[PDB]
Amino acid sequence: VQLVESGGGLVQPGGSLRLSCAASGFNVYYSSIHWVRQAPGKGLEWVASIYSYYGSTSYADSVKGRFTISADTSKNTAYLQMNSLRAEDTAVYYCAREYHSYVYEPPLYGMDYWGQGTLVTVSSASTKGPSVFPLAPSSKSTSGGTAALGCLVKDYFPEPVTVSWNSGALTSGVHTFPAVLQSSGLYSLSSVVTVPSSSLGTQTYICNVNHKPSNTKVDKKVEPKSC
């Protein structure tokens, strides 16, 4: 029993996107198929539902008139046609199944099966790889103590980027922060790691920033100051 989603990606405000929710192990005709979305760092928001057996479709107020939910019974697949998209529609979109026993029942059983989710980003920005700038450790580091260094990953679109250190050899003490959407429409984040102060001159620290959407991979060496 599975719900497989597809059709997400990038789109501009005012544009259109069509999501698919292919089911197996049950017949969507006799269930309510829901779309639930989740903005980055935010909670769940119900979007729409379809209950073909009972000839009903429903929409949240925030999307009514712009989205259209439908289903293809022969393909055991539901669809969400999203039109007139806005930046606020950016979220991970899930599809989910609500079970029903009898035609007279009110909603009772909740959502037992959920798809894996697909990311929809609505933006005027074009796909662009990041610039990587070094966060260089302090020359006044704790003598015989802990030093911090990192990489600033600036001005990319869209999410996500992955950051590793020394090609995965350095993992302890690494913190990669969640990206923030800057007012320019591009994302930024930093990845830091703490190391013993005595290793600053000997061990090499390179951050491996990979941005698959742009086919960009930058390996930036991080070394102390120039004086």
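All residue numbers refer to positions in the sequence shown, first residue = 1.
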Exercise for the section: Going by the average Cα B-factor in the PDB entry, point out whether 189 to 197 or 33 to 41 comes out higher. Expected result: 189 to 197
Exercise for the section: Select between 142 to 150 and 69 to 77 the stretch whose C-alpha atoms have the higher average B-factor in the entry. Expected result: 142 to 150
Problem - Residue with highest C-alpha B-factor in the PDB entry, from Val122, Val103, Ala136, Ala96 - result: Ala136
Problem - Third of the chain's Cα B-factor distribution that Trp165 belongs to, per the entry - result: highest
Fill in the blank from the handout: Tertile call for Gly173 (CA temperature factor, within chain, third-based) is the highest
Completion exercise
On the chain's distribution of Cα B-factors, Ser184 falls within the third called highest
Completion exercise
Split the chain's modelled residues into thirds by Cα B-factor; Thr202 lands in the highest
Practice task
Within this chain's modelled residues, let me know which third the CA B factor of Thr90 belongs to: lowest, middle or highest.
Solution key: lowest
